[PDB]
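Next up: a single chain in structure tokens, the form deposited without the named molecule.
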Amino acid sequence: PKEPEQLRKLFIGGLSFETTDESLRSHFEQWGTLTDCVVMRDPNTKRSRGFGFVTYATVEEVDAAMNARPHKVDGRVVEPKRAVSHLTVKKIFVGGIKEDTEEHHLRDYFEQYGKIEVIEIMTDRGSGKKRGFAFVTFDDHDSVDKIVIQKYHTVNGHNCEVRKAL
């Protein structure tokens, strides 16, 4: 049962114009089996457009490649991002957590997606009561990208709504 191809793709921006299908593949094959690897080029001049994409055999291989950033490919630090579901942000909205969810509930769950920098449990401006939603800020966008493509998030027994924030 193969994961959907879209979830196995990495868009690589910031390429050296000298990077080729072959040199992009040789680099990113260090972190998994590549079923596809393409440098985008102008149709007339064949000059690189400065970006391309690689497709791994599994999502765990995508994770391995992202965890090995920064990637210097043919002498240039490139910018890998998971394919769109790009709104590149480090913060999520977490809704549906009700009044009994605390900081440690959110931390213990979300810390396995990435390094957390801020947890903000929202409270009512007048009463101080919890409003039932929170924001979590990570040190990097790939955490958010992994989070929002999941169908489900269960935190503190609550089925939560999670979206990219701002």
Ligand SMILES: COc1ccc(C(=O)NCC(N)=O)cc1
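Numbers for residues come from their place in the sequence shown, where the first is 1.
Deposited sequence between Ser85 and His86: 4 to 9 residues lack coordinates. Relative to its counterpart among 47-55 and 99-107, 99-107 has the higher mean temperature factor, C-alpha atoms as listed in the PDB entry.
On average the C-alpha atoms of 124-132 have higher B-factors than those of the other stretch, with 33-41 and 124-132 being the two compared. Per the deposited record, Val155 carries the highest C-alpha B-factor of all listed residues (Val155, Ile12, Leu24, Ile147). For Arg8, the recorded CA temperature factor ranks within the lowest third of the chain's modelled residues.
In the PDB entry, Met66 places in the lowest third of its chain by CA B-factor.
Quick note: we don't show the form deposited with the named molecule bound, though the next part is all about it.
Of the heavy atoms in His158, none are within 4.5 Å of the named molecule in the bound PDB entry.
The named molecule in the bound PDB entry is approached by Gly114, whose closest heavy atom lies within 4.5 angstroms of it. A residue is said to contact a partner when one of its heavy atoms sits within 4.5 Å of a partner heavy atom; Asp36 fails this definition for the named molecule in the bound PDB entry, lying far away. Mapping the unseen interface onto this chain, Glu29 falls outside it, with no heavy atom inside 4.5 Å of the named molecule in the bound PDB entry. In the bound PDB entry, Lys146 is the single residue of 141-157 with at least one heavy atom within 4.5 Å of the named molecule.
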